[PDB]
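Chemist: Protein chains in written order, with PDB author numbering: chain W, 1 to 197; chain H, 96 to 201; chain M, 14 to 224; chain V, 18 to 114. Each residue gets a CB set at the ideal place from its N, CA and C atoms; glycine is no exception. Quick one: the structure is below, and I'll ask about it shortly.
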Amino acid sequence: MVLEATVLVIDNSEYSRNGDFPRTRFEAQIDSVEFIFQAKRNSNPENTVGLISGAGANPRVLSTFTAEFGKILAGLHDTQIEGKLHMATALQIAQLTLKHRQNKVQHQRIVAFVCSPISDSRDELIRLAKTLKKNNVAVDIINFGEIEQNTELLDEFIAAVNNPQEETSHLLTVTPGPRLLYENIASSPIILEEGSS
Amino acid sequence: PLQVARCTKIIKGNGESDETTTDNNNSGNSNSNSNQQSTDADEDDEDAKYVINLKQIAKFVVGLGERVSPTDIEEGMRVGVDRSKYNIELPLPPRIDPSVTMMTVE
Amino acid sequence: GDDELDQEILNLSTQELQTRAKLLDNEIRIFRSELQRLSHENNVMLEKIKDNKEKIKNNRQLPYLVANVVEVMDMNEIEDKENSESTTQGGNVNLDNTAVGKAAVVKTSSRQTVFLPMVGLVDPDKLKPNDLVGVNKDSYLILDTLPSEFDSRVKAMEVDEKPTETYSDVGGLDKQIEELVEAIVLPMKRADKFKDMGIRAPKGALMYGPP
Amino acid sequence: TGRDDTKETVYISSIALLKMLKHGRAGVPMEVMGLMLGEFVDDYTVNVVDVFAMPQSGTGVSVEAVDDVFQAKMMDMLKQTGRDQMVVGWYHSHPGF
């Protein structure tokens, strides 16, 4: 709820030009941002939502932390689409993005949209888990594209991270077919979950 | 010392404007240099611009004074302005012929 | 304008037009996000305009120099792939950057004739030969416009026909009073005829002789 | 007394001299201004480590011709790179005298 910085990892891929959410997934993921961004403000108006991309040849920063929803969407309009997820890589840049902030009181959380399965490895992801819980960063995986025709081994990393943290780590299933992507993440816990000591 | 000037003509910044805000001619508010409304989010201080010709015979639009009235400084009136900064501060007496005319009369 | 015409009601029944209503919402939410995209790009841009206009303000206000425009030169704009001037310099194509487009020749009151890179807010359009112009005092650029010069004696000179001497209080003087009418008064009044016929109007007159 | 009323011998770096000079001359004839960033130590030493120029004015340098919104914006950057230092005076160029 209160004082929280959240780095959105939004994937743009060859599984997201599919139209299970109207009129493709690119268009439904634009609508996910608006609801997320408003909700944070409603709890605490000093909340910032950041954005990076697991998409293309090299994951990159699309937008930095800002108090405006406008700037974040402005950056998202020009994204790659040819790439796939690189999950390990996404986490290391997002950790870096959460370092540079106006204040440091803000909670560290990463929420990652999965539209595409890993292009990396299990060997990498094991390492990432030990790395994250030292710094109290949560892994919270919205999957909806690694369950369409696939299986995920990401359940293991969620539990390995979760301890008393700033933000708890939990797995959020959203059907792959039509169910309206944007309202399902908004309805499901993304601030209803909070930390403990 | 003020460097000596006389107003050739007066043309006014409060109704032909002088800056760019939303208009390039005519101010409505007319106590401003460029504003036709107060919801611009700007206001200026303008009384009239006054075009003066110096005894250097270079010409300037010159700022306001510190007690000058728009009803004293008009065409044909001597005024003093700064010698490097070009702003009226104190006006000067009328005429400029008493130098030759006191000696001719007897 | 007109929604749910006669034609749509026959075609598709009410139940169907419910499924129609739901599909419409989903697409209205998509478009609705673009409005937030567009609003923002507009919001930042306003802020930029006012941040400029504040820097201008200081230079722009009175005091500044008075000058006259001798002629608007209308120097070339673009003939190269870099800058806007004939000569090749480090910059790039713009009105002002290191590039110089149009320019104009002014004769200052500081007794100099200045050819100057032209500003963004004064264009060559806004000028004509022999126009009085404010030029910034410290660096010589056309800074703002001014109307044409007016002088107290010039203003006076127009209208002084009264006292009137007529031709009833000037004793005789003919041929010459008749001649004066032919040159002046007669084409002045029947002016429309003189265009139609194609003859010239006398190109002034000279009246001369002992005082 | 409460003071020693003494002026420092001013140490101007390499980094500051060229910036001051380049902006004065391109900008001349026209008086121009900008702040000086440095470090103060002693009472006889004052360092002019870096400088940044502040925008043009044809009304010369005044306290009513400076852009404080610009000064603020620069100090905000200065903090994000981690180079923040205190203002140690100010520089200006006269235009020809």
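(1) Smallest Cα separation from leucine 128 of chain W: which of W:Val114, W:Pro178, W:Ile110, W:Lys84?
(2) In three-state DSSP terms, what is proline 137 of chain M?
(3) Report the CB separation of residue 73 of chain H from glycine 108 of chain H in whole angstroms; it is logged as a contact under 8 Å.
(4) With respect to the beta strand (DSSP E) encompassing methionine 50 of chain V, which residues constitute its N-terminal and C-terminal limits?
(5) At which residues does the alpha helix (DSSP H) containing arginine 109 of chain W begin and terminate?
(6) At 8 Å on the CB atoms, spell out the chain M contacts of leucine 73 of chain W, in chain order.
(7) According to DSSP, simplified to helix, strand and coil, what is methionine 103 of chain V?
(8) Does DSSP put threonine 103 of chain H in a helix, in a strand, or in coil?
(9) Look up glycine 41 of chain V in the DSSP assignment and say whether it is helix, strand or coil.
(10) In chain M, what lies closer than 7 Å to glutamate 169 of chain H by C-beta?
(11) Do the region 76-84 of chain M and the region 92-112 of chain W make contact, defined as three or more Cβ pairs closer than 8 Å?
(12) Count Cβ pairs between the region 163-171 of chain M and the region 113-120 of chain M that sit closer than 8 Å; are there 3 or more?
(13) Under DSSP, the alpha helix (DSSP H) around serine 32 of chain W begins and ends at which residues?
(14) I'd like the span of the beta strand (DSSP E) that includes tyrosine 77 of chain M, first residue to last.
(15) Using 10 angstroms around the beta-carbon of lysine 141 of chain M, count the other beta-carbons present and answer buried if the total reaches 16, otherwise exposed.
(16) Does DSSP put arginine 17 of chain W in a helix, a strand or coil?
(17) Consider the Cβ of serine 123 of chain M: report whether some Cβ of chain V lies at a distance smaller than 8 Å.
(18) Alpha carbon to alpha carbon, how far is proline 130 of chain M from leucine 154 of chain M?
(19) If I measure Cβ to Cβ from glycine 175 of chain H and keep anything under 8 Å in the same chain, skipping five residues before and after, which residues do I get?
(20) Report the neighbours of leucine 78 of chain M on chain H: residues whose CB is nearer than 7 Å to its CB, in chain order.
(21) May I have the straight-line CA-CA distance separating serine 122 of chain M from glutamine 73 of chain V, to the nearest angstrom?
(22) For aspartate 59 of chain V, tell me which candidate among V:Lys90, V:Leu38, V:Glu25 has the shortest Cα-Cα distance.
(23) Buried or exposed: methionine 47 of chain V, going by 16 or more other Cβ atoms within 10 Å of its Cβ?
(24) Mapping DSSP to helix, strand and coil, what is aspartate 109 of chain M?
(25) For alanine 70 of chain V, I'd like the list of residues in its chain whose CB is within less than 6 Å of its CB, leaving aside the five on either flank, ordered along the chain.
(26) Just by C-beta distance, which residues in the region 105-117 of chain H are closer than 8 Å to chain M?
(27) CB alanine 74 of chain W to CB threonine 48 of chain W, shorter than 8 Å?
(28) Between V:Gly75, V:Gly77, V:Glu56, V:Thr76, which has its C-alpha nearest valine 68 of chain V's C-alpha?
(29) Any contact between the region 9-20 of chain W and the region 28-43 of chain M? By contact I mean 3 or more CB pairs, one from each, below 8 Å.
(30) Decide if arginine 25 of chain W is buried, meaning its Cβ has at least 16 other Cβ atoms within 10 Å, or exposed.
(31) How about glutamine 73 of chain V: is its C-beta nearer than 8 Å to some C-beta of chain M?
(32) According to DSSP, which residues form a beta bridge with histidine 100 of chain W?
(33) Are the region 146-165 of chain H and the region 103-122 of chain H touching by the rule of at least three beta carbon pairs closer than 8 Å?
(34) Could you tell me the distance, in whole angstroms, from the CA atom of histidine 86 of chain W to the CA atom of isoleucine 41 of chain M?
(35) In chain order, what residues of the same chain have a beta carbon less than 7 Å from the beta carbon of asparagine 130 of chain H, not counting five sequence neighbours either side?
(36) Taking the C-alpha atoms as reference points, what is the distance between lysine 188 of chain M and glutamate 195 of chain M?
Modeler: Judging by the given coordinates:
(1) Within the first sequence, residue 128 of chain W is the residue found at index 128, counting from 1. Closest option to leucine 128 of chain W, Cα to Cα, is W:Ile110.
(2) Taking the third sequence and counting its residues from 1, the one referred to as residue 137 of chain M is at position 124. When DSSP states are grouped into helix, strand and coil, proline 137 of chain M belongs to the helix group.
(3) The requested residue 73 of chain H does not occur in the structure, where chain H is confined to residues 96 to 201.
(4) Residue mapping note: residue 50 of chain V aligns to position 33 of the fourth sequence, counting from 1. Boundaries of the beta strand (DSSP E) around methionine 50 of chain V: 49-58.
(5) Here residue 109 of chain W corresponds to residue number 109 of the first sequence, with the count starting at 1. In the DSSP assignment, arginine 109 of chain W falls outside any alpha helix (DSSP H) and lies within the beta strand (DSSP E) extending over 107-114.
(6) Here residue 73 of chain W corresponds to residue number 73 of the first sequence, with the count starting at 1. Within chain M, the residues placing a beta-carbon under 8 Å from that of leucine 73 of chain W are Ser46, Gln49, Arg50, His53, ordered along the chain.
(7) For the purposes of this step, residue 103 of chain V is identified with residue 86 of the fourth sequence, where counting begins at 1. If DSSP states are grouped into helix, strand and coil, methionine 103 of chain V belongs with the strands.
(8) As a working note, residue 103 of chain H is residue 8 in the second sequence. Reduced to three states, the DSSP call for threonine 103 of chain H is strand.
(9) Sequence index remark: in the fourth sequence, residue 41 of chain V carries index 24 (1-based). Taken through DSSP and simplified to helix, strand or coil, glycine 41 of chain V comes out as helix.
(10) Within the second sequence, the letter at position 74 stands for residue 169 of chain H. The contacting residues do not exist; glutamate 169 of chain H stays about 10 Å from chain M at best.
(11) No contact exists between the region 76-84 of chain M and the region 92-112 of chain W.
(12) Counting Cβ pairs under 8 Å, fewer than three are found: no touch.
(13) The residue you call residue 32 of chain W lines up with position 32 of the first sequence. Where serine 32 of chain W is concerned, the enclosing alpha helix (DSSP H) starts and stops at 25-43.
(14) Position 64 of the third sequence holds residue 77 of chain M. It spans 77-85 - the beta strand (DSSP E) in which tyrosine 77 of chain M sits, taken as one unbroken run.
(15) Taking the first residue of the third sequence as position 1, residue 141 of chain M is located at position 128. When all chains shown are included, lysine 141 of chain M counts as exposed.
(16) Start at 1 with the first residue of the first sequence, and residue 17 of chain W comes out as number 17. Three-state DSSP puts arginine 17 of chain W in coil, outside helix and strand.
(17) As a working mapping, residue 123 of chain M is identified with position 110 in the third sequence. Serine 123 of chain M does not count as touching chain V.
(18) By one-based count along the third sequence, residue 130 of chain M stands at place 117. By one-based count along the third sequence, residue 154 of chain M stands at place 141. Here the C-alpha atom of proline 130 of chain M lies approximately 7 Å from the C-alpha atom of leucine 154 of chain M.
(19) Here residue 175 of chain H corresponds to residue number 80 of the second sequence, with the count starting at 1. Closer than 8 Å at Cβ, skipping near neighbours: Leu97, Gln98, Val99, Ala100, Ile183, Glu184, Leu185, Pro186, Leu187.
(20) The residue you call residue 78 of chain M lines up with position 65 of the third sequence. Simply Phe155.
(21) Numbered from its first residue, the third sequence carries residue 122 of chain M at position 109. Numbered from its first residue, the fourth sequence carries residue 73 of chain V at position 56. If you take the alpha carbons of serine 122 of chain M and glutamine 73 of chain V, they lie about 24 Å apart.
(22) For the purposes of this step, residue 59 of chain V is taken as the residue at position 42 of the fourth sequence. Looking at the Cα atoms, V:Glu25 is the closest of the given residues.
(23) The sequence position of residue 47 of chain V within the fourth sequence is 30, counting from 1. A buried status is given to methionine 47 of chain V, since no fewer than 16 other beta-carbon atoms sit within 10 Å of its beta-carbon.
(24) For the purposes of this step, residue 109 of chain M is identified with residue 96 of the third sequence, where counting begins at 1. Shown here, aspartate 109 of chain M sits in a strand according to DSSP, grouped into three states.
(25) The sequence position of residue 70 of chain V within the fourth sequence is 53, counting from 1. Cβ within range, chain order: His40, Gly51.
(26) So the list reads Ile106, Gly108, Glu111, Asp113, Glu114, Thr115, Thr116, given in the order they occur along the chain.
(27) One-based indexing of the first sequence puts residue 74 of chain W at position 74. One-based indexing of the first sequence puts residue 48 of chain W at position 48. Here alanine 74 of chain W is not near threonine 48 of chain W, since their CB atoms are 8 Å or more apart.
(28) Position 51 of the fourth sequence, counted from the start, is the residue given in the question as residue 68 of chain V. For the residues V:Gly75, V:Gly77, V:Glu56, V:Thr76, the minimum Cα distance to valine 68 of chain V belongs to V:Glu56.
(29) As far as the Cβ criterion goes, the region 9-20 of chain W does not touch the region 28-43 of chain M, which means the pair count is below three.
(30) In the first sequence, residue 25 of chain W corresponds to position 25, counting from 1. By the beta-carbon neighbour count (other beta carbons within 10 angstroms, threshold 16), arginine 25 of chain W is buried.
(31) Translated into the one-based positions of the fourth sequence, residue 73 of chain V becomes position 56. Yes - at least one Cβ of chain M is within 8 Å of the one on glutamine 73 of chain V.
(32) Sequence index remark: in the first sequence, residue 100 of chain W carries index 100 (1-based). None; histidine 100 of chain W has no bridge partner.
(33) Touching, yes.
(34) As a working mapping, residue 86 of chain W is identified with position 86 in the first sequence. As a working mapping, residue 41 of chain M is identified with position 28 in the third sequence. Cα-Cα distance, rounded: 33 Å.
(35) The count along the second sequence starts at 1 and reaches residue 130 of chain H at position 35. Excluding residues within five positions, the ones whose Cβ falls inside 7 Å are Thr116, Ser122, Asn124, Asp137, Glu138, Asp139.
(36) Here residue 188 of chain M refers to the residue found at position 175 when the third sequence is read from its first residue. Here residue 195 of chain M refers to the residue found at position 182 when the third sequence is read from its first residue. If you take the alpha carbons of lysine 188 of chain M and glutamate 195 of chain M, they lie about 11 Å apart.
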